[PDB]
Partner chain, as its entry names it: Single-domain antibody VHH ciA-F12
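This document starts with one chain, in the form solved without the partner chain, laid out as structure tokens.
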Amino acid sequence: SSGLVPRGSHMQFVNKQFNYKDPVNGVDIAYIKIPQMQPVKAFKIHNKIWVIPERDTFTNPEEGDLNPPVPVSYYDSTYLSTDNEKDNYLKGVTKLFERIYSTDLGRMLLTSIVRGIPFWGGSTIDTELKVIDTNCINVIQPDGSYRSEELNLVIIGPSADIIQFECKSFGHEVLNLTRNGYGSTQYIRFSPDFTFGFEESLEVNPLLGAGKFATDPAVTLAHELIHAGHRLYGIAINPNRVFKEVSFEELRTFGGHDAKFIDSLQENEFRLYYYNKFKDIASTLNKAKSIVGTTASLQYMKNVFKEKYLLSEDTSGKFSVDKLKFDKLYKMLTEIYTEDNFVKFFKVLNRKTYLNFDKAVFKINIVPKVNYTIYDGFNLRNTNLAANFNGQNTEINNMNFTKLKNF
């Protein structure tokens, strides 16, 4: 009915087939607090990844309420307020993770994310390794006690503007965590319950003209996951680098020909910048003499980050950045993991450049297997929807797309 396991016995990435009503257990279903908020029920879908089926009234203090206050936006303060909606959200996100993970490209990306633990750069003491507190959540147990847990990624519902999907994180007072190689826990505001439109002209009747298509939400989620990859490895491009408007970071993440507008000399400058930031992490690890807030050894934690950053270790135990391994990791994160490449793997229709979307917004439901599948998305095989991206055509597959207003 949901079609969460098209092949084999169990889901390959997501650890459990959760229902929103499943009781808290303190392990993979728990009330959590993000470090004034009321605890929120959350689900651990994989090592280092949690899903919070709530509207994001938490991560930004100046975004506390859901009422309407630039090209396309959509508001509904009631969306994701009921347990049934939260259940369907959780199943939708689950399904999209499995769809992404069904591709070679998605397995690579999600693996990189899970391995991309934010750096222990939180000490004021130059020789001490320490966690940064905003890279953790507090996980409340059924008896009310709690423990701090490090994590890499949180998927949460949108804030006021429902179609404003983004990858955000908590800043540091002095450190630029998304741009100094350290990385930080990433919060993706995302809904699987809506999508947006784009126009495309397909060739053949001659009288066809342009069709009105819907973006596949697996592509949208993969896009935000790619930002998360850049930001977890602390190699995001400064958002003040823009064409005008579209940021270099957006063009890089969209990939394809869009990314070719970032000139090679600029690319080289960034790569060298981040190579140097990774060498600074290697020397920080080499200079480390003590560790706080864990029963894990210093040796053990040093190794966790050797593993993240693909560092070389000599017989003396000294770390260093290997230029070939750096280039491999950097190219993977920036050139290989792109929206364009996911489109190619999914074999779906997508807009051909970052800015070429419609102001059109649609309500969708991808949870039913009759609507959307892990292998085909909307373009269900052995039906009329398999040809000419008819599943994504909002006039042909009208039952799957309800057109919204238009704020």
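Numbering follows the first chain given and starts at 1.
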**Asked** Relative to the other compared entries, is residue 243 without coordinates in a third or more of them?
**Response** yes
**Asked** When the other entries of this protein are compared, is residue 37 unmodelled in at least a third of them?
**Response** yes
**Message:** Between residue 174 and residue 175, how many residues of the deposited sequence have no coordinates in this entry: none, 1 to 3, 4 to 9, or 10 or more?
**Reply:** none
**Message:** Missing residues between residue 64 and residue 65 in the deposited sequence, please: none, 1 to 3, 4 to 9, or 10 or more.
**Reply:** none
**Prompt:** In the PDB record, does 53 to 61 or 40 to 48 carry the higher mean Cα temperature factor?
**Reply:** 53 to 61
**Fill in**
When mean C-alpha B-factors in the record are compared for 70 to 78 and 106 to 114, the larger belongs to 70 to 78
**Request:** Just say lowest, middle or highest third for the CA B-factor of residue 229 relative to the other modelled residues in its chain.
**Result:** lowest
**B-factor third for the C-alpha atom of residue 348 within its chain** = lowest
**Message:** When the deposited Cα B-factors of this chain's modelled residues are ordered and cut into thirds, is residue 294 in the lowest, the middle or the highest one?
**Reply:** highest
**Asked** Thinking about Cα B factors across the chain, which third does residue 127 belong to?
**Response** highest
**Asked** Once the chain's modelled residues are ordered by C-alpha B factor and cut into thirds, is residue 247 in the lowest, middle or highest one?
**Response** middle
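Missing here is the form deposited with the partner chain bound; even so, the following discussion is about that form.
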**Item:** the partner chain: the contacting residue among 143, 203, 314, 263 in the deposited complex [heavy atom, 4.5 Å]
**Value:** 143
**Fill in**
For the partner chain in the deposited complex, the stretch among 282 to 290, 87 to 95, 266 to 274, 133 to 141 with residues bearing a heavy atom within 4.5 Å is 133 to 141
**Message:** Is residue 382 near the partner chain? Define near as a heavy atom within 4.5 Å, in the deposited complex.
**Reply:** no
**Asked** Any chance residue 38 has a heavy atom within 4.5 Å of the partner chain in the deposited complex?
**Response** yes
**Message:** residue 362 versus the partner chain, in the deposited complex: is there a non-hydrogen atom within 4.5 Å?
**Reply:** no
**Message:** Using a 4.5 angstroms cut-off on non-hydrogen atoms, would residue 24 count as touching the partner chain in the deposited complex?
**Reply:** yes
